[PDB]
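1. Sequence plus experimental coordinates follow:
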Amino acid sequence: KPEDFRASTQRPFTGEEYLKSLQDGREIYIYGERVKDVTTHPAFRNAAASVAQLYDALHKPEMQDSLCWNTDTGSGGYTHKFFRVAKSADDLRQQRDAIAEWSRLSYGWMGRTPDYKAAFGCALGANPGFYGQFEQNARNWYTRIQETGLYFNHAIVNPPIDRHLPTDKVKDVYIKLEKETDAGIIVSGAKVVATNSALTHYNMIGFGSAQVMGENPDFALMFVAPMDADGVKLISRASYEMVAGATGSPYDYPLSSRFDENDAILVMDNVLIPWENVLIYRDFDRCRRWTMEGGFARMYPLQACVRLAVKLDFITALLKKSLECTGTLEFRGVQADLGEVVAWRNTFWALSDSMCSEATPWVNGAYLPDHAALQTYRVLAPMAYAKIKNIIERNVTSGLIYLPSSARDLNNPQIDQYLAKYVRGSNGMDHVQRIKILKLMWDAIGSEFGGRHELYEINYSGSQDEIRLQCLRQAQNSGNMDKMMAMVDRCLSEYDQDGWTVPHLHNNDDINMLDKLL
Amino acid sequence: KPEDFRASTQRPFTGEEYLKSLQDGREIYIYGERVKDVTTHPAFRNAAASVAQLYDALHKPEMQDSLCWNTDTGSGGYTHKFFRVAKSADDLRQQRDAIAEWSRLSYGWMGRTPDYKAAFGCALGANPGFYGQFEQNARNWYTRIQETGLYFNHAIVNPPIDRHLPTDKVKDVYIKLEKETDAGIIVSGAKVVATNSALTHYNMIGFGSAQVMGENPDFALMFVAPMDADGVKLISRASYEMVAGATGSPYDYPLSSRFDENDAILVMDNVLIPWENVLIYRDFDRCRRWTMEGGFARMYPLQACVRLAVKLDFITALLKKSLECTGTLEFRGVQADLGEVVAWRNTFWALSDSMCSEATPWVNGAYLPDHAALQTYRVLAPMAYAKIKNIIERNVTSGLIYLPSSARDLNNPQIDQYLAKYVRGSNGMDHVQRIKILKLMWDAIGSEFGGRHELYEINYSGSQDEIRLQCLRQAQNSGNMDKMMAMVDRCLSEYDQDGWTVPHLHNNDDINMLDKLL
Amino acid sequence: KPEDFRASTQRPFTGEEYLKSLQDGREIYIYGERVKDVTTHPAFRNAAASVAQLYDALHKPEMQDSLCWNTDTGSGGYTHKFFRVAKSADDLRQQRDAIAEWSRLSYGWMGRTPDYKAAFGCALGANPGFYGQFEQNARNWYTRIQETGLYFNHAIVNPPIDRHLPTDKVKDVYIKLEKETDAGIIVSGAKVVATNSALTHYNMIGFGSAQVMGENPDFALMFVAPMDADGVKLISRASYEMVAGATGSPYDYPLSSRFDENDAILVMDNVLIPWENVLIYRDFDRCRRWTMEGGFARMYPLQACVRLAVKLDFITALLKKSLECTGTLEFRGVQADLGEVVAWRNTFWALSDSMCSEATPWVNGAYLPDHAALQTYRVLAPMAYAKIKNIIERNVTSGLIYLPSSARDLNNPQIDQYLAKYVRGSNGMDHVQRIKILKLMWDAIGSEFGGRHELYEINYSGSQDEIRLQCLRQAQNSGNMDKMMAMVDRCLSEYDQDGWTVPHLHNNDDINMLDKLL
């Protein structure tokens, strides 16, 4: 239904059509109250408007070369390049750039925009035979995602379970089959960390292994659920947009006020999923293989790496400008700290380069980005983000903490007269501009919005051990570790306890002095 | 007169009397509006109530052994132990314990409480001759601060200057003498980072060297200013107390709601400072020597190290309880991360031990804490705090980011029915307890309050290079580096290019094979 | 009989008597050859002479105040302070200073000197009743170690086992009882990392649990073995002393040439252990409890922390002297790096202060150092050492790598004429002094000796996880974690989902705006 909000079948949503598609009576709660309409609600309206700008850019002629491709469906339409299966290394590079162009529209701050799950559509389109009996749903869903620009999110993290409850009760926490019917399946359960689901059309409800499920294929499900389906509910976390709106201003919280992606709990209360929305049904094997063989996990980290690099573009220059304000950019050591930030920004662009240039042919003509680069991004990003934030905080030693409370302070001459005198920029800018730049930096790192972004980046791919284990596993599974080991084994083979085994090196029996010494 | 709110002259304020002394028409601005009364204002009332609890504790029979001493003034009254000059190492240990018992009343979160500037009073009482003409002011201010428990703060950080403006304009930014009169001195200027000054009685206005002052003794001042003096004004930063009250709850922000210390700009607009409040007057020599020779900088770091250790007590156990919630404390690697947190917590307690055990006699019977330990605390605290915060964030991989917005969600059964089943604690606690614990942890690290505390801890003592230089200077100025070097010089003297110069070691001419080889 | 080389029973060995006591036909191998006499052998002679200097210091009149105490045995003699049981905190402080004065004699580089296992003697003396049937052996060995200064080492680390071998054959790797006889017990097995055991009188052979022992009390042993007992053999690692002697000089390797402590494999081939040397016999319970209850592990980390702090004294001043040579000490950033090394140096001294000041009474009047400080030292030392070495390496950007090969280059005028011109010190010292200083720095960090010292310091106490787990366990077992948790529980008790539960704070029902906003 959401796609019927388009006035045309040969392009994705416009911003206006996307916003109207959200006025569907989805069930959302925040601060104990039900949200009437996310496009007008104080907690979501600007964040939704920010996403709508992404859809608008798709139809601006000066954007289309970098953003858009013809569809591969025969419709004659166009779409964002990352929504269509890449068939070469050059195609992936064009997708990498289209992702970048969309990230710039939120300065890298919105991470779960529609291009993230576009890789899921491409995975369905490239490898639909994975789903066996549900292959045709996969084919149909790729076309619909590609042509419409449908906004998906991924709901996969299981809720916590009380390890003291009887196992028979603890399992009613996970997504599970309740009833198999001719119209589809009725399911119940919950997922956590449904980031920006309040603004999506559909969520993919994905399998997460839990040891308490044991056997029981009723937990081994993967399906699509529309956000307006009866029994789908979101319980929202606190809204940095609404708090910034209620007690601040755009000047005081310039990022919180427009880029907040609410991390919800998604509840499924006896929801009917039609069969055409089912992708994996009572199949532990396919569920367990999906991460490696489905394609999605091998594609979306291109988007996540690019989005981060665009954010690091922003953070780098925002730091430089902030240090011009305080005047500490004159110092050699301060310049060096900024230089390391530059180096981290460079790193993730270079990884995304390598993802594309080393892309490999897969099934049905599709190309996958370099897999080792995907794992390397996942490992490095939490380290770099923590280091950059530390570099920022130790280099604005004082400018951030005493900033006047409010744009209201500037608009009250009784107060502004003193601000204009005592809080000018060191480089000749006035107090208004200095306070503006530093409040922007604070909203990036120290506001509750900034705190959440740090926590999100650090834990994006899992625990610190898990992402390093996954990097090791890719090296072993691809044969890289064996090739590295062949080099070590060759070295070991060139000598033994009696000397060299290869002819070009000199044994030391003519110069060894141990007999003489002992 | 502020102490005249006391019903007795033989004890410091009670909580009630402290609050009443704050209803004095001090001029404070926040969110473009003037504050009528900090004890009732939504941005300050709970923080003020939290400080008042400190004054209440001084008179509780169960608290008095650890908190209070007789005064040394002949009044026969008692006071907080850190308000009276320590006359032995055991006295410093009793003061460290008195500081600790007071920090626990804010769980380590309020750093700029009345005991911080109590060391300033003790410096004045211990070394009054430093001030020459103003020695009697120093003596009297010691008596007054000690007997009454007056709440001082320290305002020293100069405001920023626009380096493009004519030097004639840059100097009316700094504290400076306007006019000398018989009733006192008239001063103008500003200071930044006036942490919790809105809740104090007096601010001590301290000299900060700026290269633009050059000569001109009109900048070389140190004096005391009351908060309600005509022309004294505070410009407040955003209030985390008020925002948590307006859009949250104590359940949702248990630390922001009661422990926020607003970091203000302090403005002096042609303020009359009476002579009895002047400590250094048109004296660059005394101003530049005061940090090293006055005593205060050699005393207050004991309070800061202890307060940090109490917060680390709290953070350590709160992390443990958070990992009990999520169930990841079962993992060996998670337990190891917690153990490192324990190690950092132990470190700062151990530093405070060394401060007292290695204390040195100073002037007039007063004792100073170990100077090297103070410098070491300053260097380690930014590293430890940043490291601990990272350990916390990477170990609550998911529990923090999707927490329901509001206690209102728990109090709406339509919503609470789902929270009760999907967000239980892993260790058998219910969803209310789990969400509460994790919201307390988030307010510690990720809320705007948590973000500010991180930035405060990192920059407390200056830039990262500056605190390390201060540590180096103390080792050199104290003779420590010379003693270390004497060992290196001894080692170097025991051999030369011909062999050993000491009799007990064997030269290698009987075993050296180089002639043989070459 | 080893003590019978003393000309007096009222003092420990002199250096000369210690060296003579080592000429006993102990069976030691290195470079495939048997060692005739460790006191003359090119791999051990200077290291033995360096230990002999410790014994000589015990009898120099100017050293005796800091090094020596009367014995507590009634003999009327004296001993090194750490060899006699401490009965107060002040005694522990005197011991720490006595340890320091001995470590300064190798500039902190010999770690396994006789004072290390002196804590083992004191443990036997303080808690001899632990050993039941062997209580009198414990008493006698305390008396003997204390009065004579006998040199013990600790051999505890089990050798590796091949997990593919039959469990019956895997068991012959560990120390185990072979036969009980009338004169004592016959044992076989091995231990690894027997650091400097080649220069000791006795080794204490300690129980290390291996899962393959299972039951079988034949493994549950603790006993003392003399180094010259038939069947005791050491298999040595490479000798940095001998390599420095054969291809270097004291000028070229001033630390390798005299302070190398060879980390041997200790082999027991059917060794007869007399009953008077047995401490724990076929007793798993006592073996498992010994680490916690024996006392030794609660004592020797004082010695280890002090030795490290003395080494860090040396490294700190050696780095400063190196940066004067290179001229980079002029830079602000270099001075700051040096300042951080200073801070780490201060930290371990401060930890040793806290060990003594917070000492606790134990059994039979003995005092134990503060336990949390011991665990904190163990955790911080590997971090501090790796950081300090990296700091050193990044600050001598070129001076270390091209240093001329040999003192022979200086003594060849054909070569020295260029060195005198091209390798002077930046601070006016000649090339001989500059090259000498930088080679001393290289031997500390980059020589094979320096490389081993980095590996030893990093792994001294076990794996990085294990030492953090021990720190956590101490916090929990001591009640510290419960005391920290009581603070978190108090904070949690002061509010619920309906507001504050205490009267002094203001509820926000009067300022909450959510009803108005939603």
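-> Yep, it's here. Numbers count the residues shown, from 1 in each chain, chains lettered A, B, ... in the order given.
2. And the helices in the stretch 351-500 of chain A?
-> Secondary structure of the stretch 351-500 of chain A (DSSP state H, counting those that start in this stretch): helices at A:371-395, A:407-410, A:413-422, A:431-445, A:448-459, A:464-477, A:480-493.
3. again with the stretch 1-150 of chain A
-> Assigned by DSSP H, counting those that start in this stretch, the stretch 1-150 of chain A shows helices spanning A:15-21, A:45-57, A:61-67, A:89-103, A:114-126, A:135-148.
4. can you redo these as TSV with distance to chain B and mean neighbour count?
-> The way it works is simple: take the backbone N, C-alpha and C, and place the C-beta from them, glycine included. Below are these laid out as TSV (distance: least, Cβ to the nearest Cβ, whole Å; neighbours: other Cβ atoms under 10 Å in any protein chain shown):
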stretch	distance to chain B	mean neighbour count
helix A:15-21	23	20
helix A:45-57	15	20
helix A:61-67	30	13
helix A:89-103	21	22
helix A:114-126	16	26
helix A:135-148	25	20
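5. Please convert the ones you listed to CSV, extending it with distance to chain C.
-> What follows is the helices of the stretch 1-150 of chain A, written out as CSV (distance: least, Cβ to the nearest Cβ, whole Å):
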stretch, distance to chain C
helix A:15-21, 20
helix A:45-57, 12
helix A:61-67, 36
helix A:89-103, 31
helix A:114-126, 28
helix A:135-148, 32
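6. Can you add distance to residue B:14 and give those helices back as CSV?
-> CSV is the format used below for the helices of the stretch 1-150 of chain A (distance: least, Cβ to Cβ, whole Å):
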stretch, distance to residue B:14
helix A:15-21, 58
helix A:45-57, 48
helix A:61-67, 68
helix A:89-103, 58
helix A:114-126, 58
helix A:135-148, 68
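7. okay, the helices of the stretch 351-500 of chain A in TSV with distance to residue B:211 and mean neighbour count next?
-> Formatted as TSV, the helices of the stretch 351-500 of chain A follow (distance: least, Cβ to Cβ, whole Å; neighbours: other Cβ atoms under 10 Å in any protein chain shown):
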stretch	distance to residue B:211	mean neighbour count
helix A:371-395	21	21
helix A:407-410	29	20
helix A:413-422	18	18
helix A:431-445	20	22
helix A:448-459	34	23
helix A:464-477	45	15
helix A:480-493	57	10
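8. Adding distance to residue C:241, write these out as TSV.
-> Converted to TSV, these look like this (distance: least, Cβ to Cβ, whole Å):
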stretch	distance to residue C:241
helix A:371-395	41
helix A:407-410	71
helix A:413-422	66
helix A:431-445	53
helix A:448-459	48
helix A:464-477	40
helix A:480-493	29
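9. show me the contacts for the residue in the stretch 1-150 of chain A positioned nearest to chain B.
-> Going by Cβ to the nearest Cβ, chain B is nearest to residue A:32 of the stretch 1-150 of chain A, at 2.9 Å. Contact partners of residue A:32, counting by Cβ atoms under 8 Å, 6 or more residues apart in numbering or on different chains, are B:406, B:408, B:409, B:411, B:412, B:415, C:514.
10. How about it, nearest residue that isn't a chain neighbour?
-> residue B:408 (2.9 Å; Cβ to Cβ, 6 or more residues apart in numbering or on different chains).
11. Residue B:31 versus the residue of the stretch 351-500 of chain A found nearest chain B, what's the distance?
-> Proximity to chain B, evaluated over the stretch 351-500 of chain A using Cβ to the nearest Cβ, is greatest for residue A:408 at 2.8 Å. Using Cβ to Cβ, to the nearest Å, residue A:408 is found at 5 Å from residue B:31.
12. circling back to that earlier point, and the furthest pair within the contacts of residue A:32?
-> By the measure Cβ to Cβ, B:415 and C:514 form the most distant pair in those, at 13.9 Å.
13. Identify the residues contacting stretch A:362-369?
-> Contacts of stretch A:362-369 from elsewhere in the structure, counted by Cβ under 8 Å, 6+ apart, are A:85-89, A:91-92, A:122, A:126-127, A:129, A:295, A:298-299, A:301-302, A:355-356, A:358-361.
14. how about 6 Å then?
-> With Cβ atoms under 6 Å, 6 or more residues apart in numbering or on different chains as the contact definition, stretch A:362-369 has outside contacts at A:85-88, A:92, A:126-127, A:298, A:302, A:355, A:359-361.
15. Between the residues you listed, which sits nearest residue B:42?
-> residue A:302 (47.7 Å).
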